[PDB]
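First up is the structure itself, then whatever we jot down about it.
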Amino acid sequence: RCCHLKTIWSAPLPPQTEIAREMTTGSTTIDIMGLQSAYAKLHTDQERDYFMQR
Amino acid sequence: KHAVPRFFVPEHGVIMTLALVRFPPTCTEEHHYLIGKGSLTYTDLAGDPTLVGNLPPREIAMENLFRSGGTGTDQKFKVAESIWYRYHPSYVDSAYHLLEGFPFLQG
Amino acid sequence: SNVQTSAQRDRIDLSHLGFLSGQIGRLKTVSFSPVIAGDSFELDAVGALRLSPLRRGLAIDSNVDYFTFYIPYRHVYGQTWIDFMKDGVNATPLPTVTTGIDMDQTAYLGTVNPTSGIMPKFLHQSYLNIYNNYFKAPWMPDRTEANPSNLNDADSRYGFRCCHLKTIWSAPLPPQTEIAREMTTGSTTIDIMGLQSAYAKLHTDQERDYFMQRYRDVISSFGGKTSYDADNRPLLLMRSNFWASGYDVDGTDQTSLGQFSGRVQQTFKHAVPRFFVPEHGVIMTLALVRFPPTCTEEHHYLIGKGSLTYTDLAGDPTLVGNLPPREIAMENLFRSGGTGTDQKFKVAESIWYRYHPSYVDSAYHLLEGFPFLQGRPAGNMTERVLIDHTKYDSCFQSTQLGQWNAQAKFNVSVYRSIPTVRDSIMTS
Amino acid sequence: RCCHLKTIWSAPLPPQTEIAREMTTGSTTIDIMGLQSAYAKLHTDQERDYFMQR
Amino acid sequence: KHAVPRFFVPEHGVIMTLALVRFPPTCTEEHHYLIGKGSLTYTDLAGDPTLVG
Amino acid sequence: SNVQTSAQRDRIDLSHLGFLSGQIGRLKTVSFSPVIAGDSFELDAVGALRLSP
Amino acid sequence: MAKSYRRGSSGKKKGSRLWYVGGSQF
DNA sequence: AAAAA
DNA sequence: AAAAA
DNA sequence: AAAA
C-alpha cells in the first residue's frame, strides 16, 4: 500500500515535531551566550525533522 | 506511451518496471477548519504576518476537519500556523452521500 | 533569535472541486472563500449542469443564474468586529450560532454540518443579507432567523424559495396600492389651492409605492448615490445567465420501440474580474434554476371577462392613461380561479393589450414529462409569487440527486501577503 | 482648546507606553520557543501604541 | 484665500468651515536636556548607535 | 530579537530661534550645539540687530 | 467530454511549497 | 439578462 | 508531475 | 538562500 496524494491530513508534519524546547538557566540568573547556542542546536534539529532524514 | 532513453549498463543486474493507480483524495464529510473550530480568536482569523511567521506549529484534531472525527491521542497531528489560508477543500453535497458509482472516501 | 515582521506577496492557489445538487427555484450556496484586507482576488468557474432524467423527450429549456458577492466582516458583527481588531492578540472570541444534529442541516450554506453543532455566524448572516437585498420581493418582510437551527428542514436542506419569472400574476402591483384618495372639502365650498396641494402629496406617495421602497432608491431619485457601506448591503461582483439544453435517447426493445428519453447536459463558464479586497470578509457564490411560468389552464383576460365594455375593448388613449388601476380576480385569468379577497390583486388599466399568454392544448393536461404548472398557482399573493418545487415532481424520474445536479471546478488565484510554510515552522 | 505645535514636551509618547515586559519562565528552565512568541506579541502591542489607535 | 475644488454632493448634509490661530511654543525658562541633567554618563553623551537603537 | 549594530547617515535639523541682549564691549555667547565625531556640520545665521532708542 | 472539472482536484501550483514530510515521497 | 445565435 | 491542453 |  502506497500513500495518498498530498493534502492537509495525508501529508502532516512528521511525528518527531516539537512545539517546545527547554533550557537549564539558573535560579536567578541566565547566560545569554548560552541562549544563543541553544537556538543554533534547535535549528539543526529542525532541519533533520523537515528536510534531512536520509 | 512509456519511453526510456538509451542506457549504458555498467554491471550485471536487473531492470524493473512498476505501475501505480490512484484517485484524488476527496472525502464526503470534510469541512473548513474555521467552520470546524467554531469560536475564532484574533490569531485564527486576522492573518497577521508577525503572528503567522513567529509561532510554533499548532496541534489540531480530526474533529476540526471531519464530521464525527476523533479527539484522542491517535487523532491528533500538527500543521502550520495558518495553513487554512493557503488552501481550500472540496465540497460534496449531502445528496451524493452513500451513492454508488462515485469514487469517494465515504466519511 | 530572528523575529519576522513582514512578508512578500505570494501567489496562493485556492482551487477546489464542487459536487452540487438542488431543487427548482431555491437559492443555494455553491462556493465560498474567506479573504484578508489587501488581497487581490480572481475567480473562474468551469463545469457542467445536469437535470434529472426526464419521463419524455426535451420540451422546455431551463434558465440558470450564478451570482458572486463580497461581504465584509464589519457588516456581520458591527461594533464587535471593530473592537476585535483594535484589541489585537488578547481580543475576545467572536460569537457563534447553533446548528442541527444531522449532516445536511447547513447545505444551503455550502458546507457539511460539524458534529459539534457550533459554527461561526458570518456565513449564515451573509446569506440573510443577500436574500433580503436582492432576491425577495421589495414589499414582503425580511427573514430574521437568528440561528441555522431555527429553519425548517426544507429551507436548510435546499435554500429559500425565490420568485417566478415576471408575468401578470407573478409580478402584480404592490399590495399598498390605492385606487382612491379623499379630501376634506367644505360643506358647500372647496379650496382649489388646497386641491393642488393634495395632488402633490399623492404623487410622492405613488413614487414610494412603485419605485422607491428602499433607502438607496430614494437617494437615487434626487440624483445622488450611496455606497454599499451606507445601507450595509452586499456588493455584487458578477452575474451569469444561460440556458441548458441536451439531446434524446431512443428505446430499441419490443416495449419501448418508439419512445424517447431526454437528458440535459450543458457546460458553462462563470468568470469574475480581478477584485481588490479592502477589508476582511468572505466571498460567496450561489446558483438558481427556474422554468418559465407556463400554466395549463390559463386564458386571455378578454375571454375570461365575457361581457366587454367600451373601456375594455376600444383602447382609447384618453381612457387608458387617465384611469386608476383596476382590481381583477384570479377567475378572470385561470379556470376554477377564486373570487374572494385572497384571490384579488391590481393591474394596469389596459395591460391585456401589451402582452399575450401562452396556450397549452387540453391533450397535454395531466401528462407526465412536461414541465408545467398543472392548473393554476394556489394560495395568497405571497404563496403565488414564490416558486414551489413540489409541483415539478411529475416531470422527473425519482433519484437521490434531487431535480438538478452539477460538477464544477473553481479556479481561485489570490495575491496574499502571508509568510511561507518554511518561515512558519523554522524558529530561526 | 486644541494642541500646541509639536515639541518634545507637547508631543510626548502616549501614556500607555511600557518600559518592561515580563514572562513566566520556569524555576530553573525556560522555553526558548515560547520566548520567540513573547517578542511577537510585544511587537503588535507597540504598533497599536505608536501608530494604530484608530 | 481659501479655495475649495468642485465637489459632488451625494446625500443631504452640511458643509462647515473652521479656523485656528496658534503661536510657536517658545518658553522663556527652557534649557537643554544635557544642561539640566548635569551629571553625564556614557549613554547620555557618546551617541553610540548600538545603545541608542 | 533583532539587535541593531549600525545606522545610516541622516539629515538632522537643529534650527532654533534666539532672543539676545547685552551691553557695549562685553563678550556673550549667543548659540551652541554639541556634536559627535564623524558629523558634517554647517551653520547659517540670519537676523536683525537693534540698539536702545 | 469534460476536461477541466474532471481532471485534478485543484489548480496549477505557482507559489511557495506547502508540504514537508521529511524527504521525497512520490 | 427569460425570450435562437 | 494531481491540478484541461 | 530558500519555493531544501
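Naming works like this for the C-alpha cells: A, B, ... for the chains as they're shown, residue 1 at the start of each chain, ligands 1 onward in shown order.
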Write out, as a tab-separated table, each residue of chain C that has an atom at most 8 Å from chain H, together with the closest pair of atoms and their distance in Å to one decimal, counting only C-alpha atoms (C1' of nucleotides), rows going by chain and rising number.
residue	atom	partner	partner_atom	distance
C:63	CA	H:2	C1'	7.1
C:165	CA	H:2	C1'	7.4
C:241	CA	H:1	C1'	6.7
C:292	CA	H:2	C1'	7.0
- Message: What's the separation between atom CA of residue F:47 and atom CA of residue F:22, in Å to one decimal place?
- Response: 15.7 Å
- Query: Quick one: residues within 10 Å of stretch 25-39 of chain E, only C-alpha atoms (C1' of nucleotides) counted, chain neighbours fewer than 5 positions away excluded, as number ranges by chain?
  - Reply: D: 4-7, 9-10; E: 44-45; F: 17, 19, 33-34
Residues from last step as file, N, CA and C atoms, as a PDB file, in the first residue's frame:
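Below you can see selection13.pdb, which holds the result:
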ATOM      1  N   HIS D   4      -0.846  72.272  21.203  1.00  0.00           N
ATOM      2  CA  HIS D   4       0.297  73.057  20.764  1.00  0.00           C
ATOM      3  C   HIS D   4       0.950  72.425  19.539  1.00  0.00           C
ATOM      4  N   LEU D   5       1.789  73.212  18.872  1.00  0.00           N
ATOM      5  CA  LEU D   5       2.648  72.665  17.835  1.00  0.00           C
ATOM      6  C   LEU D   5       3.640  71.682  18.451  1.00  0.00           C
ATOM      7  N   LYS D   6       3.991  70.657  17.681  1.00  0.00           N
ATOM      8  CA  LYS D   6       4.693  69.505  18.236  1.00  0.00           C
ATOM      9  C   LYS D   6       6.102  69.873  18.687  1.00  0.00           C
ATOM     10  N   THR D   7       6.399  69.587  19.953  1.00  0.00           N
ATOM     11  CA  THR D   7       7.732  69.736  20.522  1.00  0.00           C
ATOM     12  C   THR D   7       8.012  68.500  21.371  1.00  0.00           C
ATOM     13  N   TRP D   9       7.973  68.343  24.686  1.00  0.00           N
ATOM     14  CA  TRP D   9       7.039  68.273  25.803  1.00  0.00           C
ATOM     15  C   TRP D   9       5.583  68.291  25.365  1.00  0.00           C
ATOM     16  N   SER D  10       5.273  68.906  24.224  1.00  0.00           N
ATOM     17  CA  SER D  10       3.900  68.972  23.745  1.00  0.00           C
ATOM     18  C   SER D  10       3.517  67.787  22.868  1.00  0.00           C
TER      19      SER D  10
ATOM     20  N   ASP E  44      24.395  58.909  27.847  1.00  0.00           N
ATOM     21  CA  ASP E  44      23.839  60.222  27.535  1.00  0.00           C
ATOM     22  C   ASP E  44      24.614  60.920  26.423  1.00  0.00           C
ATOM     23  N   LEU E  45      25.944  60.853  26.461  1.00  0.00           N
ATOM     24  CA  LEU E  45      26.784  61.755  25.681  1.00  0.00           C
ATOM     25  C   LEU E  45      27.438  61.108  24.467  1.00  0.00           C
TER      26      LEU E  45
ATOM     27  N   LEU F  17      15.512  79.463  17.351  1.00  0.00           N
ATOM     28  CA  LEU F  17      15.460  80.915  17.431  1.00  0.00           C
ATOM     29  C   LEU F  17      16.297  81.422  18.598  1.00  0.00           C
ATOM     30  N   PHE F  19      16.766  85.058  21.093  1.00  0.00           N
ATOM     31  CA  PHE F  19      16.430  86.411  21.529  1.00  0.00           C
ATOM     32  C   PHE F  19      17.550  86.885  22.443  1.00  0.00           C
ATOM     33  N   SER F  33      25.949  74.195  20.067  1.00  0.00           N
ATOM     34  CA  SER F  33      25.408  72.916  19.624  1.00  0.00           C
ATOM     35  C   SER F  33      26.424  71.794  19.811  1.00  0.00           C
ATOM     36  N   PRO F  34      26.153  70.831  20.690  1.00  0.00           N
ATOM     37  CA  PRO F  34      27.059  69.686  20.832  1.00  0.00           C
ATOM     38  C   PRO F  34      27.078  68.821  19.580  1.00  0.00           C
TER      39      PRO F  34
END
Kindly assemble as a Markdown table a list of the chain C residues that lie within 10 Å of chain A, each paired with its nearest atom pair and their distance in Å to one decimal, using only C-alpha atoms, sorted first by chain and then by ascending residue number.
| residue | atom | partner | partner_atom | distance |
| --- | --- | --- | --- | --- |
| C:1 | CA | A:39 | CA | 7.0 |
| C:2 | CA | A:39 | CA | 10.0 |
| C:422 | CA | A:50 | CA | 9.2 |
| C:425 | CA | A:46 | CA | 8.4 |
| C:426 | CA | A:46 | CA | 6.9 |
| C:427 | CA | A:43 | CA | 7.1 |
| C:428 | CA | A:43 | CA | 6.4 |
With only C-alpha atoms (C1' of nucleotides) counted and 10 Å as the cut-off, give the residues of chain G in contact with chain J, each with its shortest interatomic distance in Å and the pair that gives it, as JSON lines.
{"residue": "G:14", "atom": "CA", "partner": "J:3", "partner_atom": "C1'", "distance": 9.2}
{"residue": "G:15", "atom": "CA", "partner": "J:3", "partner_atom": "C1'", "distance": 6.6}
{"residue": "G:16", "atom": "CA", "partner": "J:3", "partner_atom": "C1'", "distance": 4.2}
{"residue": "G:17", "atom": "CA", "partner": "J:3", "partner_atom": "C1'", "distance": 5.2}
{"residue": "G:18", "atom": "CA", "partner": "J:3", "partner_atom": "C1'", "distance": 8.8}
{"residue": "G:20", "atom": "CA", "partner": "J:4", "partner_atom": "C1'", "distance": 9.7}
{"residue": "G:23", "atom": "CA", "partner": "J:4", "partner_atom": "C1'", "distance": 9.2}
- Item | Contact residues (chain B, partner chain D, 8 Å, only C-alpha atoms) as a PyMOL selection string | chain B and resi 50-51+54-56
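Proximity of C:329, C:402, C:215, C:288 to chain E, computed with only C-alpha atoms, is greatest for C:215.
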Could you list, with a cut-off of 7 Å and counting only C-alpha atoms, the residues of chain A near chain D, each shown with its nearest atom pair and the distance in Å rounded to one decimal, rows sorted by chain and ascending number, as JSON lines?
{"residue": "A:20", "atom": "CA", "partner": "D:33", "partner_atom": "CA", "distance": 5.9}
{"residue": "A:21", "atom": "CA", "partner": "D:31", "partner_atom": "CA", "distance": 5.5}
{"residue": "A:22", "atom": "CA", "partner": "D:31", "partner_atom": "CA", "distance": 4.7}
{"residue": "A:23", "atom": "CA", "partner": "D:29", "partner_atom": "CA", "distance": 5.2}
{"residue": "A:24", "atom": "CA", "partner": "D:29", "partner_atom": "CA", "distance": 4.7}
{"residue": "A:25", "atom": "CA", "partner": "D:29", "partner_atom": "CA", "distance": 5.3}
{"residue": "A:26", "atom": "CA", "partner": "D:28", "partner_atom": "CA", "distance": 5.5}
{"residue": "A:27", "atom": "CA", "partner": "D:28", "partner_atom": "CA", "distance": 5.3}
Restricted to N, CA and C atoms, what would the selected residues look like written as a PDB file, in the first residue's frame?
ATOM      1  N   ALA A  20       8.055  22.714  21.833  1.00  0.00           N
ATOM      2  CA  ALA A  20       8.767  23.391  22.908  1.00  0.00           C
ATOM      3  C   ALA A  20      10.202  22.882  22.963  1.00  0.00           C
ATOM      4  N   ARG A  21      11.082  23.711  23.522  1.00  0.00           N
ATOM      5  CA  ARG A  21      12.478  23.337  23.740  1.00  0.00           C
ATOM      6  C   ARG A  21      12.957  24.016  25.015  1.00  0.00           C
ATOM      7  N   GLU A  22      13.456  23.228  25.964  1.00  0.00           N
ATOM      8  CA  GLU A  22      13.778  23.718  27.296  1.00  0.00           C
ATOM      9  C   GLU A  22      15.273  23.980  27.449  1.00  0.00           C
ATOM     10  N   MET A  23      15.600  24.864  28.379  1.00  0.00           N
ATOM     11  CA  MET A  23      16.964  25.222  28.723  1.00  0.00           C
ATOM     12  C   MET A  23      17.139  25.048  30.227  1.00  0.00           C
ATOM     13  N   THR A  24      18.380  25.165  30.682  1.00  0.00           N
ATOM     14  CA  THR A  24      18.691  24.880  32.075  1.00  0.00           C
ATOM     15  C   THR A  24      19.239  26.124  32.763  1.00  0.00           C
ATOM     16  N   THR A  25      18.547  27.257  32.628  1.00  0.00           N
ATOM     17  CA  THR A  25      19.011  28.502  33.229  1.00  0.00           C
ATOM     18  C   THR A  25      19.144  28.372  34.744  1.00  0.00           C
ATOM     19  N   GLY A  26      19.767  29.384  35.347  1.00  0.00           N
ATOM     20  CA  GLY A  26      19.974  29.407  36.775  1.00  0.00           C
ATOM     21  C   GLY A  26      18.723  29.780  37.548  1.00  0.00           C
ATOM     22  N   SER A  27      18.841  29.695  38.874  1.00  0.00           N
ATOM     23  CA  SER A  27      17.710  30.022  39.734  1.00  0.00           C
ATOM     24  C   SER A  27      17.326  31.494  39.618  1.00  0.00           C
TER      25      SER A  27
END
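Our summary of the geometry notes that atom CA of residue C:49 is positioned 17.0 Å from atom CA of residue C:397.
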